[PDB]
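Now for the letters of each chain:
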Amino acid sequence: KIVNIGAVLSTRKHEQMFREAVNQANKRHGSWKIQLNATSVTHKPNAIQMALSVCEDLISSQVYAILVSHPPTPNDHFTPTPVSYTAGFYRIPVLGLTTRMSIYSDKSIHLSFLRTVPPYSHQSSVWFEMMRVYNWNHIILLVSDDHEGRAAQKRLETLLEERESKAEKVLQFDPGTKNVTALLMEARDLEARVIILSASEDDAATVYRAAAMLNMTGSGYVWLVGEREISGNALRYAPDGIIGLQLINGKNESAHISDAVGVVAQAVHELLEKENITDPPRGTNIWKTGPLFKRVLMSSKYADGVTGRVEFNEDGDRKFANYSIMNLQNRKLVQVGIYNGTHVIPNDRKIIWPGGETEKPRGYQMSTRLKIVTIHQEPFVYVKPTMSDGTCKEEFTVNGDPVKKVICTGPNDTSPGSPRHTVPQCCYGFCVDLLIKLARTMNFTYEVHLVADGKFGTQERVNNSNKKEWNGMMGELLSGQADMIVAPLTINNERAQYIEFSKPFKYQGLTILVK
Amino acid sequence: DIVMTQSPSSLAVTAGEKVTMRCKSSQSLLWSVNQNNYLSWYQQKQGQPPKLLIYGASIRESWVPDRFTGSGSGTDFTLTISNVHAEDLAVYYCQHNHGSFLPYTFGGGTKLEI
Amino acid sequence: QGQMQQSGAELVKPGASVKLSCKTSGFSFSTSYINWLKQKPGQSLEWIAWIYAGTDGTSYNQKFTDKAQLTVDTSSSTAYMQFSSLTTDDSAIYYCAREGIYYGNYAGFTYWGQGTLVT
Amino acid sequence: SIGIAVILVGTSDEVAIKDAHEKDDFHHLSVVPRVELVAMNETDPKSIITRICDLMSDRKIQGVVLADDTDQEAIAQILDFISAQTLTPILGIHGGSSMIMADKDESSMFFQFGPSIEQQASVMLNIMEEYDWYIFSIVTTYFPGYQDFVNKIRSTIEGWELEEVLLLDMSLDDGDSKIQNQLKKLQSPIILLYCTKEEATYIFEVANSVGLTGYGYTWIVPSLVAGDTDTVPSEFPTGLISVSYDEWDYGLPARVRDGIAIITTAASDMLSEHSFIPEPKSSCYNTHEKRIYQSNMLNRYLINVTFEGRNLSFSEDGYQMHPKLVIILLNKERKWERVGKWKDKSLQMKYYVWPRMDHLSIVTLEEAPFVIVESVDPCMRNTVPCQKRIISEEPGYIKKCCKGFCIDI
Amino acid sequence: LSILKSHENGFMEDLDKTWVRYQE
Ligand SMILES: *[C@@H]1O[C@H](CO)[C@@H](O[C@@H]2O[C@H](CO)[C@@H](O)[C@H](O)[C@H]2NC(C)=O)[C@H](O)[C@H]1NC(C)=O
Ligand SMILES: *[C@@H]1O[C@H](CO)[C@@H](O)[C@H](O)[C@H]1NC(C)=O
Ligand SMILES: *[C@@H]1O[C@H](CO)[C@@H](O)[C@H](O)[C@H]1NC(C)=O
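Residues numbered from 1 in each chain as written, not as in the entry; some residues may be left out. Chains lettered and ligands numbered in written order. Part of a larger assembly, values for the part shown. Heavy atoms only, no water. Residues with missing side-chain atoms left out of burial classes, pairs and counts.

Per the PDB entry, chain C is named Heavy chain of GluN1-specific monoclonal Fab fragment, termed 5F11, and its organism is Mus musculus.

By the naming in the PDB entry, chain B is Light chain of GluN1-specific monoclonal Fab fragment, termed 5F11, taken from Mus musculus.

Spelled out as C-alpha cells, the structure:
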C-alpha cells in the first residue's frame, strides 16, 4: 500500500515542496490506503560515486519514478544519464525535467527515459512556421554539434518534406576550431540571405564576431537563432537585428515540480486501477511490468498544470509548448511575438531588422555572372595558348568573318603529366559562338574555366566507402562550382534525373570510325 | 561618457512662481531612426530614492502633475515648473538612457530652494 | 506593487569578500532588469552592473568588472552581488533597483531597495 | 611486469586455462606479464565493481578480461562504462562479454571477439549466392543495430530482388492481431529476421498461428538469436539457418592466451615505440585524479596485433577484423549441425546441394551449337548453372555455366 | 526559348557554314 518515489535535488526548499506535493497527492484522490513516502538525494561533485550511491539508495528504496531537476550544474556535461541507464536495467521509467538535449530522445539507448521539456528540434518546427509566415524557402543552416546536427537537420528535412524544398547549404565541423571564415564567404556568395545558427555559446559568439568582422551583418540579412545562442558571452557579442526564441517557464522549477508530481500521482492511480501489481527486487530478474507501465504512462492525458495541456508523444516528449519571441532591440530584449501550440501571434510591439525598414527583407539575390564549364571538343571548342602574354591572335576566316575567341583557364596536361599547370588560354569554335550569341541575346556576364580531367562524368561509388559520386562536368556542376554546362552533352535519362535540359540544338547519333 | 551639463546649479524662488532648469548633453541623445531623445528627468528628495519624473525629455510620469514641463531636444534640454510648490523642493538630475552611449552618466544637478 | 528587499549591514575585514542579497517580488522577475549601484554617504550613486534574469546576460562597470560578480535564483526571485577584495573604499551603501520600461522603452529606475551599508 | 586480471564466472576449466596460461612465446620482449585468475558470480553489477576495484587497488591491474556464460548483453554494456572511466583497458572473449552492443565510448578501451553486423550480412549474402535463392524479405525489431544491418544489406545488393521489408515494435502489447495482419505481406520463400530471443519466440508463435513456417519457408537469423547451442527454445522451426562464432575449435584457453598476448604486445609496443608504458597509480577510490596519464596511443597500438599467423587486429568500433565463423542448421531433432565454414571472404559448403525439408533431374552433354559449357565468373545472366562430378574420395562437384540452343527451349 | 528562336530561323545555318558545313 506504499509507493516509493525517488528524486535528485539539492535545495531544501524544493525538497520541502516535493514533500508537500507528495502529501497533497492523496488529497483529492479520496481516502485510499495508498501511501506516499518521499526520498531525495543531494549533490556530490563526482559522478562514479554519485551514480553508485544513487543506485544503492534507489535499490534499497524500491522507488517507482526518478526525478532530476538540476539546470544550473557547475559541470557543463549535463549528465543524469547513469541513473536512467540503471533504471532501464530494470525498466524503471525516468522523467527528465531540465536537460533538452536530443540524446535522451533516442529510446534505442535510453530505453526508460522521458521528459516534459521538448528538445531544440521543435525550434526547427517553429522556424518552419516562421518560413510559412514570411514565405522563405532557401536557408543557410550552419551546425557545429554533430550529435544533434544530424537530428536537427533530420527534423528540418521532415518539415521541408511538406514543401519538398531543400536547405541551399549545410555546414558541420568539429567545434573548437576558428578558421571558419572560408565557409562564411562561401555562404555569402549565394542568393539566400536567411542565416540560421544552432550551437553553444562559444561557437555562437565566434560566428557573430566573424560575421561582424566580414560585414556579414549588413542590410537584408535576416538571422534566426534559438535560446542557447543568445546566452552567456554570446549575448555580449550579439549583433543587433537578430531574432531569438525563448522558452516559457524554462527554469521555473517550482511549478515544474508541482506539475510533474501531479502527473506522477495521477499516473500511479491509473496504474493501480489494473491488475498484475509488481514491485522491484533488491538488486538479475527484470521488473516484468516495465514496458507495461511505460505503455500505461504513454496513454496518460491531463487537464492540470500552470503550463497547460500536458500530453506526451510516442517519444515521451511534451506537446503544444508555448514559446516567447525576443528581438535584440538596441541590446535590450523586447518581446515581439508569442507562439501557441500551433500558431504564432505577434504582439503589439514592432521588430527592427539589422538594416532599414521593419518589413521582411526578401532573403534572395541574383547574379548575371555565370560560371560556364565545358570540355575540349575537337570540332566545337578550339583551344590555343596565348601568343606572348594573355593575348589571342585575331585571326580571320576566309569569309571576312573575324574569329571570336574567349580567354579560358584550365590545366595544361593530365595530373600524372602536369602536376600543376593552369594558364589562361584562348578558346573558340562552335560552342563558344553559341554561348556568345546567348550572351548577346540576354544581358549577363560569364567566366569560363575548364574541367580538371577529360570525362563527361560518371556516378562512381567510393572504392572502399562505396559512396556514389559524380565527376567531370557533372561533378563540377553538382559541386556548385559550375552554373551552366555548355558542351556536346549526351541527353539521357540517368543525367536528366539530376539536372534539367533545354530543347536540343543538335540531331545526330553514333557511328564507327575506320581507316 | 557623455557630459551632462545642468543649469542652474541651484535656485531659490517664492511659492507660486515659475522656474526653468536646463540640461545639456555633450552629444546628441536623439537617435535618428526613431527620433526619440534618450533623456530622463528625475526628482530626488532628501533621504529617499530618486523618483523618475520625466523621460524622453518631454513625457511626464503618471504621478507627475501637469505643472512640470520638460523641453529641449538633441543636446540641450530643459525642465520647467509652471507653478512651483513647496513639496517640489528637491535636487533634480537629468540622466541619459541611450544604450549605445554607455555607461549611464548624470549631470551636476540642480538644487531647488523655496 | 513590486518590492525589493536587501540584506542587512555587514562588517567585513579589508581584503575579504561579501555577498549581498536582494529579494524581489511583485513583478515578473524573469523579464526585467536589475541594477546594483554604489552610493557612498553624501555622494551620488555609482552604477556597478546590470543583469538580465531571463538570459543570464551580465555587464559590469570596468571599475568593478574584476571586483563584483552577479548571480540570480529564479526559484526565489532574489538578486545577488558578491563583492570581493573589499577595501576601505568599499565602505558605502549599495542599492538594488528594478528598471522601469514602458512600451518596450526604458524610462528609468522605478523601484528601489531599502539600501545596505557595508563597513 | 604488467598486471593482467582474469575473471571467470560460471562453470569453466580453470585448471586447464591456468596450465595453458603460459602457452605463449613472449621471451622475445621484456614484458614478464603478471596474470591473476579469480572466480566470480553473476550476483550484481555492484559486486563486479567491488571485485575490479579490489583487484586494481591490490595488484595494480592494467588490463581486465571477463568471461561468463550468460545470455545478457548488459555485461559489456556496463563494462563499457568501467573501461571508459578507468585507464586500464578491458577485453571480452566469451559468454555475455562477447555480444557487440551499439558502440563504445570515445574514451572506451573495451574490445570484443566477434564479427560486426555488416560482416555477418556479407556472409549471409554469400550463403544466398552459394545456393541460388535470390528472392527474400527482411523483418526486424527496434534493437539499436537494425539501421546498420538494413543499410548494409541495401548497399551490398544495390538479379537480386527484395520485395518486402518489415519493422515490428513489440513494446506495445495487444498487437498480436496487428502483427498477424502485417505478416501477410511476406511472399518470398525466404525471410530474414533480426530480433531478440524472447522476441524471436513470440514472432515464431505468431508465425505458427498464421502457418507461414511449415515446408516452403526457411529462416536465417544472426548469432544473437541462437547464442547458446545447448538450449533450444520451444518452437524453433526445423531447418533454421544461422551463423555462429566458432566456439568449438576455439576454446576458452585459446581466447585467454590470445587476450593475454595482445595485451602484452600492445604494452610492449607502447613502451618501446614511445619508450613509456602508461601504468599510473591504480586508485579505485577517486578515479578522477587517476586519469591524468591518459595513454592516447596504447589504443593506437591495441588495434594492430599479429600473433605469428593470427591477425588479431581490431576495428575502431571495438570489434575484431578477421573473425572465424561457422554455420549451423536445425535438423529434425533439436540440435545444431556443422554445415560449412566462412573465412577471408571465402564460403565453403560441405553439401554441394542444399537438402530439402514437381522436380526432375536432367542429364545432358555439351554440343558445340546447342549446349555450351564454361566456367563461372571469377554464372552470368541468360545462363544456367550445371554441376560436373570429379572422380579421382568424397564425391566432388564443380559448378559451371551451361547455355546454347537446346537450353533456350 | 532562345534555342527555339534560333532553330526556327537561319542562324544555325550560319553556324553550320562556319564549322559543320565546311569541307575540304
Ligand atoms: C520513508 O523513507 C525513509 C528513508 O528511506 C525511511 O527511513 C528509513 O527507515 C529505515 C528503517 O527504520 C532506516 O533503517 C533508515 O536508516 C531510514 N532512512 C532515513 C534516511 O530515514 C522510512 O522508514 C520510510 N517511511 C515509510 C512510511 O515508508
Ligand atoms: C512560476 O510560475 C508561477 C505561476 O505563474 C509563479 O507564481 C512563480 O512566481 C513562478 N516562478 C517563480 C518561483 O518566481
Ligand atoms: C599494421 O601495421 C602494418 C605495418 O606497419 C601496416 O602495414 C598495417 O596497415 C597496419 N594495420 C592496421 C590494421 O593498422
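Chemist: Let's hear about the overall build of chain C: which residues, and what values?
Modeler: Across its full length, chain C holds 0 helices and 10 strands. Along its sequence from the N terminus, chain C presents helices and strands in the succession β-β-β-β-β-β-β-β-β-β. For 119 residues, the compact-globule formula gives about 14 Å, and the C-alpha radius of gyration of chain C, at 14 Å, lands near that figure. For the C-alpha atoms alone, the extent of chain C along its principal axes is close to 45 × 30 × 25 Å. (Helix = DSSP H or I, 4+ residues; strand = E, 2+ residues; numbered from the N terminus. Rg over C-alpha atoms; globule rule 2.2 N^0.38 Å.)

Chemist: Before we move on, could you go through the arrangement of the chains and cite the residues and values that matter?
Modeler: For the 5 pairs of chains in contact, the largest share of contacts goes to chains A and E. Chain B shows no contact with chain D. Their nearest C-alpha atoms sit 45 Å apart. Chain D shows no contact with chain E. Their nearest C-alpha atoms sit 39 Å apart. (Contact = heavy atoms within 4.5 Å.)

Chemist: I'd like a description of the packing of helix α1 (residues 12-25) of chain A against helix α9 (residues 253-272) of chain A, backed by residues and values.
Modeler: Residues and elements named next belong to chain A. At their nearest, the axes of α1 and α9 sit 10 Å apart, and the two run at 35° to each other. Helix-helix and strand crossings are classified by hand; for α1 and α9 the assignment is right-handed. Facing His14, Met17, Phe18, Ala21, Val22 and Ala25 of α1, the residues of α9 in contact are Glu253, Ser254, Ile257, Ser258, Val261, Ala265 and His269. For the contact of α1 with α9, the class distribution of residues is 8 nonpolar, 4 polar and 1 charged. (Axes fitted to C-alpha atoms, helices over the stretch in contact; angles between N-to-C directions. Left-handed = near helix turned anticlockwise from the far one by under 90°. Nonpolar A, V, L, I, M, F, W, Y, C, P; charged D, E, K, R; others polar.)

Chemist: Tell me about the sheet that holds strand β6 (residues 140-143) of chain A, and please be specific about residues and values.
Modeler: Residue and element names in this part refer to chain A. With respect to topology, 4 strands assemble into an open sheet ordered β7-β6-β8-β9, the strand pairing being parallel. Edge positions in the sheet fall to β7 (169-171) and β9 (223-224), since each of these pairs with one other strand and no more. Looking at chain direction, β6 and β7 are connected through 3 bridges and run parallel. For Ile140, the partnering residue across the bridge sits in β7 and is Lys169. (Pairing = 2+ DSSP bridges.)

Chemist: Got a sec to walk through the state of the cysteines? Specific residues and values, please.
Modeler: Here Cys53(D) engages in a disulfide with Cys284(D); their sulfurs sit 2.0 Å apart. Disulfide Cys53(D)-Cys284(D): the torsion about the S-S bond is -85°, which places it as left-handed. There is a disulfide in this structure between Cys379(D) and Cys401(D), and the S-S distance comes to 2.0 Å. One quick way to see it: the torsion about the S-S bond of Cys379(D) and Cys401(D) is about -90°, and its sign makes the bridge left-handed. The thiol sulfur of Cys431(A) is not disulfide-bonded, and the nearest other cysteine sulfur, from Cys427(A), lies at 11 Å. No disulfide involves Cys406(D); its sulfur sits 12 Å from the nearest other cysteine sulfur, which is in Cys402(D). (Disulfide = S-S within 2.5 Å.)

Chemist: Which residues make up the pattern of salt bridges, and what values go with them?
Modeler: Residue and element names in this part refer to chain A. Where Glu15 meets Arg12, a salt bridge forms, and the shortest distance between an N and an O atom there is 2.7 Å. Taken as a pair, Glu15 and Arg12 lie in helix α1 at a separation of 3 residues, close to a single helical turn. Here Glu395 makes a salt bridge to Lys384, at a shortest N to O gap of 2.8 Å. You can see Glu395 sitting in the loop between β15 (381-384) and β16 (405-411) and its partner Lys384 sitting in strand β15, a full 11 residues away along the chain. Taken together, the salt bridges that share partners define one network made up of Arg12, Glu15 and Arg19. (Salt bridge = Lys/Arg side-chain N within 4 Å of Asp/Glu carboxyl O.)

Chemist: For the interface of chain E and chain A, give the residues involved together with the corresponding values.
Modeler: How large an interface is tends to be reported as the accessible area lost when its parts come together. Listed by partner, the interface residues are 9 residues for chain E and 15 residues for chain A. When residues of the side of chain E that touches chain A are traced back to their parent elements, those giving at least two are α1 (2-8) and α2 (11-20) of chain E. Considering each element in turn, the side of chain E that touches chain A owes the most residues, 5 residues, to α2(E). When its residues are assigned to classes, the side of chain E that touches chain A shows 7 nonpolar, 2 polar and no charged.

Chemist: Talk me through the pairing of strand β12 (residues 336-343) of chain D; I want residue IDs and the actual numbers.
Modeler: As a general feature of sheets, a regular strand has side chains that alternate between the two faces. Residue and element names in this part refer to chain D. Examined bridge by bridge, strand β11 (residues 325-330) and β12 share 5 bridges and lie antiparallel to one another. Its bridge partner being in β12, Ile328 is matched across the sheet by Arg338. Counting the residues between successive antiparallel strands, the hairpin from β11 to β12 contains 5 residues. Sheet analysis places β12 next to strand β13 (residues 346-349), joined by 4 bridges and oriented antiparallel. In the strand pairing of β13, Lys343 is matched with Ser346. With antiparallel pairing between neighbouring strands as the criterion, β12 and β13 make up a hairpin whose turn holds 2 residues, including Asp344 at a positive phi of roughly 55°.

Chemist: Could you give me a rundown of the interface of chain C and chain B, with the residues and numbers involved?
Modeler: Taken together, the contacts link 5 residues of chain C with 6 residues of chain B. Of the residues contributing to the side of chain C that touches chain B, the split by class is 3 nonpolar, 2 polar and no charged.

Chemist: Quick rundown of unusual backbone geometry? Include the residues and the values.
Modeler: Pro8(B) follows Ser7(B) through a cis peptide bond whose omega is 0°. Residue placement: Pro8(B) occurs in the loop between β1 (4-7) and β2 (10-12). Of note in this structure, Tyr103(C) is not a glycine but carries a positive phi near 60°. Here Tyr103(C) lies in the loop between β8 (92-102) and β9 (105-112).

Chemist: Residue-level account of the packing of α9(A) against helix α10 (residues 290-298) of chain A, with values.
Modeler: All names here are of chain A. Orientation of α9 relative to α10, taken along the N-to-C sense of each, is 120°, at an axis distance of 10 Å. One finds that α9 runs oblique with respect to α10. Crossing angle aside, the handedness with which α9 passes α10 is right-handed. Between α9 and α10, the residues in contact are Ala267, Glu270 and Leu271 and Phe293, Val296 and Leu297, respectively. When its residues are assigned to classes, the contact of α9 with α10 shows 5 nonpolar, no polar and 1 charged. (Parallel < 35°, antiparallel > 145°, perpendicular 65-115°, else oblique.)

Chemist: How would you explain the environment of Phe505(A) if you had to name every residue and give the values?
Modeler: Mapping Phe505(A) onto the fold places it in the segment after α13 (493-496). Distance in space between the C-alpha atoms of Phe505(A) and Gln459(A) is 26 Å, their sequence separation being 46 residues. If we skip the residues at most four places from it in the chain, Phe505(A) touches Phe430(A), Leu434(A), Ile3(E), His7(E) and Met12(E).

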